[PDB]
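Engineer: Sequence, then structure. It's an experimental one.
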Amino acid sequence: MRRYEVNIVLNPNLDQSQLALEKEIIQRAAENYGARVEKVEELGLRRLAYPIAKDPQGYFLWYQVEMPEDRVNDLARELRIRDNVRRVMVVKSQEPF
């Protein structure tokens, strides 16, 4: 197991209902791939470095997870297939919470 930060950008135009659903899907996927979700932060709306799906902003979520290294790429791939997920970036945790 190793600790990673998962940075997720979502469609900025979601209702709180839809948003809550997307977070539930993310957590189930992480658990299905063996991750322990240690911390979740809702960062909120930011201007993207470049527009995605023609929208210049995105709703940001950040997770600190501990999970097997061999499954990290499969989880990122599973997350990127939801239509509301605009961007996923996973980095190794340097200064964990």
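Structural biologist: Okay, I see it. Numbers count the residues shown, from 1 in each chain.

Engineer: Hmm, residue 65 and residue 8 touching each other?
Structural biologist: No. Residue 8 is beyond contact range of residue 65, at 11.5 Å (criterion: CB atoms under 8 Å). Heads up, the C-betas are built off the backbone N, CA and C, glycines and all.

Engineer: Give the buried residues for stretch 13-24.
Structural biologist: 19, 22, 23 (16 or more other CB atoms under 10 Å).

Engineer: Show me which residues of whatever helix or strand residue 77 lives in are buried.
Structural biologist: Per DSSP states H and E: residue 77 is located in helix 72-80. For helix 72-80, the neighbour count (16+ other CB under 10 Å) marks 72, 75, 76, 78, 79 as buried.

Engineer: Stretch 88-97 too?
Structural biologist: 88, 90.

Engineer: distance between the ends of it?
Structural biologist: Length of stretch 88-97, first residue to last, CA to CA, to the nearest Å: 20 Å.
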